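Here the structure is laid out as structure tokens; the discussion comes afterwards.
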Amino acid sequence: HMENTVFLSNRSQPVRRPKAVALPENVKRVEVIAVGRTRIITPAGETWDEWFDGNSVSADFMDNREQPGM
Amino acid sequence: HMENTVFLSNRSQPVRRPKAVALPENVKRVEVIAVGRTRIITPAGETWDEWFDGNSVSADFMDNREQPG
Amino acid sequence: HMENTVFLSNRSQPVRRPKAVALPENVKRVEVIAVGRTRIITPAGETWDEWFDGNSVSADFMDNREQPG
Amino acid sequence: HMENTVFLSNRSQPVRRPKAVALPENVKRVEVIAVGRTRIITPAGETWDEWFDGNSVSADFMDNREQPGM
Amino acid sequence: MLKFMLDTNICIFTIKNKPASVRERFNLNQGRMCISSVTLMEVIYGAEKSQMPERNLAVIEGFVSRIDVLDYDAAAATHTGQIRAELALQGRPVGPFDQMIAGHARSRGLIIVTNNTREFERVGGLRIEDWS
Amino acid sequence: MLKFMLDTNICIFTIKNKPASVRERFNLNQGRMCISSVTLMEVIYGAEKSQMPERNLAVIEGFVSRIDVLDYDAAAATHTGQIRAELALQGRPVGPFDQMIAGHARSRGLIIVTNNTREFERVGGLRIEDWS
Amino acid sequence: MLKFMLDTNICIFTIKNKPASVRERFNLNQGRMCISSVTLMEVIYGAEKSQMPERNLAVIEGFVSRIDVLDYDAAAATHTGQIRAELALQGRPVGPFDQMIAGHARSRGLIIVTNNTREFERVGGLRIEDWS
Amino acid sequence: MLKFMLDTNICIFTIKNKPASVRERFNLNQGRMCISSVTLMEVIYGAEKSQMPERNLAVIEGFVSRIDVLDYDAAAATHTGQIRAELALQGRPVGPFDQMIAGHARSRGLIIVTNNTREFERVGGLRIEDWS
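Protein sequences, first through last, are from chains B, D, D', B', A, C, C' and A'. A prime marks a further copy of an entry chain. Mapped onto PDB author numbering, the consecutive letters of the first sequence carry residue numbers 0, 1G, 2 to 69. Number 11 in PDB author numbering belongs to position 12 of the second sequence; there are no gaps in the numbering. Number 18 in PDB author numbering belongs to position 19 of the third sequence; there are no gaps in the numbering. Mapped onto PDB author numbering, the consecutive letters of the fourth sequence carry residue numbers 0, 1G, 2 to 69. Number 5 in PDB author numbering belongs to position 5 of the fifth sequence; there are no gaps in the numbering. Number 86 in PDB author numbering belongs to position 86 of the sixth sequence; there are no gaps in the numbering. Number 119 in PDB author numbering belongs to position 119 of the seventh sequence; there are no gaps in the numbering. Number 17 in PDB author numbering belongs to position 17 of the eighth sequence; there are no gaps in the numbering.
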């Protein structure tokens, strides 16, 4: 897939989304999530769509909570 | 995590990361990947197989570790 | 550590501690002790013997710890 | 010995040295050292007098440095 | 700007089953949601106890990185100690981690978000919502 | 800097019996000792369930005012989640609050001081001392 | 969050032989691994003493650019000073750089990954894995 | 505003023997002095290895709390790796901790303050003072 280059602006450090993978003009403001070295750019109010639609736990995950008292 | 907004810069469309979500400053290039209406930005050339298959070291890289003892 | 200066306050002579040297905010009283031209300020009533010799708990303070198991 | 009371000033948290243990008028500015819950108030340029004149290590402290190569 | 504290049960429910009803709530209430550090230890446990930890850990991180994690502080500790006593011989059982979640929520004035109110209904002075 | 995290069992033991053997260790290591917020929740509960809550609470507050209390944070929760799985997959039980105290210390590299060494020895990567 | 601190021995082993067994662990735990600045000093030395410093240095810099490097701080130094005494008073030797790596991990609660388990097992309160 | 980095030898010399000549230098140069984290591990070791650790630790703290402690960072790690090579087969020996102190000093442009120049005289590009 296409790449890009970082830069500095107002003391922070953005990235120019290429013309090929620009966001819809509808997305005026963004929620940015940090996971490891990657960062997820979600339109405001669509923050969880990547996580729900994306990768998932293994089916054994935790069938029991294992809190005492039971 | 932290919110922000989009700009129209270097004749394109970029977005900031406040320090709370800013990347290591040593990341000079990034891969941008499109998933739905969402974009994923990751450090370019981070994958391990790329380094495991690439340039080797010369054979003289340890005549000893030279830890005293 | 951090430097500062003296003032003439509440009709006496006090001195600040920038956050780097500021005390826990729960310290309501302090002992001031004079050593040479130097003053030592310590939380009042911190010593352990004072609490070890003081008020006891009632005998019912543990019928059990009530950790589940 | 005499006690005192803390207070707030310019967002920090000082203490009014009593009249009985005030510093010499010579001490216009101070170095403050934090050790545990106590804090040492030294006149500027006399910062180390408390530590040198004060308490000392046990005589066995470290007769050898025990760095390798020797 | 916070309003809701997600208990542990709603998290497993979401992380294991990813219900579409929840993604609408999470997108809408994004920025107002948090978990207690107590809840975090439980989902980390689920990952580490699983057959595929590194995988499940990665989806935990993606989830947790979208919400604030609150340290279980002295305020939470006092309120939980209070809540344990209000229940101890004066009422009905609640499990230990849920006791810490309850008092932590009360300590900050947050609404408990849960899929199982049956236990949290026993805690005094705490507002509860069912998001399942 | 801090060095010891006192377990809940040793705290109750000290608050109840105030033994001189522990007084020596307290005077000797004063300033280097802490408790988990989990431990604070337990003793506040012990106070609130007593017949003289305000009195016993006041001797609790005097004890706590002489030590730092550490908030149970994401690092403590993460290590605790690890410990729960590391113990599960070896079948060695440890009580829920003790798991959380164990992970809090390990997250910071602290030494646990406890009189219940047989259980805390079940936790990997943690240093134990008995001051009783 | 981080979980593993790679020892110097395993790094040299991996840089030299690039084994698939370690490649699996690297792909599986990518993002959770770090090295001590002490380890960085050792491999840079290994590079600079080679007959092709710039070349070998460049494969070093590619390896480091894929992991976080942690500065050896007051916490790491404090734990290392403890370890040196804890080992001295049991007579079990560990090499100087390995002591510093050991203390850095313990100061953070990290798991040491090494192929020299017999020495790192001599350190108290530290978790060891062999990825070779 | 920093100028001098105290090596380990000057510290032991001062902490053990408290020379009056040094208290004048320390008072005069107060604010411009630091140690490397490597030096900190050594004096912590001396305390922990001693017959009276808690005591010696307390005088260490009083000393260290009056100076800045610098983390041994990647810049120190590269310079030390360089220095080790400049010496390795091309010169005369230097002990491992002193190698780290030397490169750390060079990494920040600080003057080494020592009572024994005999080893540090072998390092290129480093300014040295004798304060004994």
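Ideal placement from N, C-alpha and C gives every residue a C-beta, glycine not left out.
Determine whether the Cβ of residue i lies closer than 9 Å to any Cβ atom of chain C.
{"i": "residue 60 (chain D')", "result": "yes"}
{"i": "residue 97 (chain A)", "result": "yes"}
{"i": "residue 85 (chain C')", "result": "no"}
{"i": "residue 123 (chain A)", "result": "no"}
{"i": "residue 3 (chain D')", "result": "no"}
Identify the contact partners of residue i in chain C, using a Cβ-Cβ distance below 7 Å as the criterion.
{"i": "residue 56 (chain D')", "result": "15, 16, 56, 59"}
Hey, does residue i have any beta-carbon neighbour from chain C' nearer than 9 Å?
{"i": "residue 45 (chain D)", "result": "yes"}
{"i": "residue 109 (chain C)", "result": "yes"}
{"i": "residue 42 (chain A')", "result": "yes"}
{"i": "residue 106 (chain C)", "result": "yes"}
{"i": "residue 94 (chain A')", "result": "no"}
{"i": "residue 133 (chain A')", "result": "Residue 133 (chain A') cannot be examined here, being either before or after the span of chain A' that is shown, 1 to 132."}
Compute the beta-carbon to beta-carbon distance between residue i and residue j, rounded to the nearest angstrom, for a pair I have assumed lies under 8 Å.
{"i": "residue 85 (chain A')", "j": "residue 18 (chain C')", "result": "Not confirmed; about 24 Å, so no contact."}
{"i": "residue 114 (chain C')", "j": "residue 27 (chain C')", "result": "So it is not a contact: roughly 19 Å between Cβ atoms."}
{"i": "residue 32 (chain D)", "j": "residue 0 (chain B)", "result": "6 Å"}
{"i": "residue 3 (chain A)", "j": "residue 110 (chain A)", "result": "7 Å"}
{"i": "residue 30 (chain B)", "j": "residue 46 (chain B)", "result": "4 Å"}
{"i": "residue 21 (chain C)", "j": "residue 72 (chain C)", "result": "The pair is not a contact, with the Cβ atoms about 29 Å apart (cut-off 8 Å)."}
{"i": "residue 167 (chain C')", "j": "residue 107 (chain C')", "result": "Residue 167 (chain C') is absent from the structure shown; chain C' starts at 1 and stops at 132."}
{"i": "residue 65 (chain A')", "j": "residue 34 (chain B')", "result": "5 Å"}
{"i": "residue 68 (chain A')", "j": "residue 34 (chain A')", "result": "4 Å"}
{"i": "residue 60 (chain C)", "j": "residue 43 (chain C)", "result": "5 Å"}
Would residue i pass as an interface residue toward chain A - the criterion being a Cβ-Cβ separation below 9 Å?
{"i": "residue 8 (chain C)", "result": "no"}
{"i": "residue 34 (chain B)", "result": "yes"}
{"i": "residue 37 (chain C)", "result": "yes"}
Is there a Cβ from chain D' that is less than 9 Å from the Cβ of residue i?
{"i": "residue 5 (chain C)", "result": "no"}
{"i": "residue 17 (chain B')", "result": "yes"}
For residue i, return the contacting residues in chain C', with the cut-off set at a CB-CB distance below 7 Å.
{"i": "residue 126 (chain A')", "result": "In chain order: nothing, as chain C' lies at least about 16 Å away."}
{"i": "residue 88 (chain A')", "result": "49"}
Answer yes or no: does any C-beta atom of chain D fall closer than 9 Å to that of residue i?
{"i": "residue 47 (chain C')", "result": "yes"}
{"i": "residue 103 (chain C')", "result": "no"}
{"i": "residue 112 (chain C')", "result": "no"}
Tell me, please, whether the CB atom of residue i is closer than 9 Å to any CB atom in chain A'?
{"i": "residue 2 (chain C)", "result": "no"}
{"i": "residue 116 (chain C)", "result": "no"}
{"i": "residue 33 (chain C')", "result": "no"}
For residue i and chain B', any beta-carbon pair shorter than 9 Å?
{"i": "residue 65 (chain A')", "result": "yes"}
{"i": "residue 51 (chain D')", "result": "no"}
{"i": "residue 64 (chain D')", "result": "no"}
{"i": "residue 22 (chain A')", "result": "yes"}
Residues of chain A with CB closer than 7 Å to the CB of residue i, please, in chain order.
{"i": "residue 71 (chain C)", "result": "71, 72, 73"}
Kindly list, in the order they appear in chain C', the residues whose Cβ is closer than 9 Å to that of residue i.
{"i": "residue 82 (chain A')", "result": "44, 45, 48"}
Quick one: list the residues of chain C' neighbouring residue i, beta-carbon separation under 8 Å, in chain order.
{"i": "residue 78 (chain C)", "result": "1"}
At a threshold of 8 Å, does residue i count as lining the ligand SAM (C-beta to nearest heavy atom)?
{"i": "residue 118 (chain A')", "result": "As for the ligand SAM, it is missing from this structure, which has no ligand bound."}
Mind pulling the chain C residues with CB within less than 9 Å of residue i?
{"i": "residue 13 (chain D')", "result": "Simply none; closest approach about 23 Å."}
Who are the neighbours of residue i on chain D, taking C-beta pairs under 8 Å?
{"i": "residue 67 (chain B)", "result": "Correct list: empty, because the minimum Cβ distance to chain D is about 33 Å."}
Show which residues of chain B' have a CB atom less than 9 Å away from the CB atom of residue i.
{"i": "residue 62 (chain A')", "result": "32, 34, 39, 49, 50, 53, 54"}
{"i": "residue 9 (chain D')", "result": "6, 15"}
{"i": "residue 26 (chain A')", "result": "46, 47, 50, 51"}
Tell me the start and end of each unbroken alpha helix (DSSP H) in the segment 6-63 of chain B' that is at least 4 residues and wholly inside, in chain order. Entirely contained in the segment 6-63 of chain B', the alpha helix (DSSP H) runs reaching 4 residues are, in chain order, 48-52.
Could you tell me which whole beta strand (DSSP E) segments of length 3 or greater appear in the segment 46-129 of chain C'? Counting only runs of 3 or more, we get 68-70, 111-113, 127-129.
At a cut of 8 Å, does the segment 50-57 of chain B reach the segment 50-61 of chain D through at least three beta carbon pairs? Cβ pair count under 8 Å is below three, so no.
Just list the alpha helix (DSSP H) runs in the segment 2-46 of chain C, keeping only unbroken ones of 4 residues or longer that don't cross its boundaries, in chain order. Within the segment 2-46 of chain C, the complete alpha helix (DSSP H) segments at least 4 residues long are 8-17, 20-28, listed from N- to C-terminus.
Do the segment 94-103 of chain A and the segment 118-126 of chain A touch if we need at least three Cβ pairs shorter than 8 Å? At 8 Å Cβ cutoff, the stretches touch.
For the segment 4-18 of chain D against the segment 11-19 of chain B, do three or more pairs of beta-carbon atoms, one drawn from each stretch, fall closer than 8 Å, so that the two count as touching? Judged by Cβ distances under 8 Å, the segment 4-18 of chain D makes contact with the segment 11-19 of chain B, as three or more pairs qualify.
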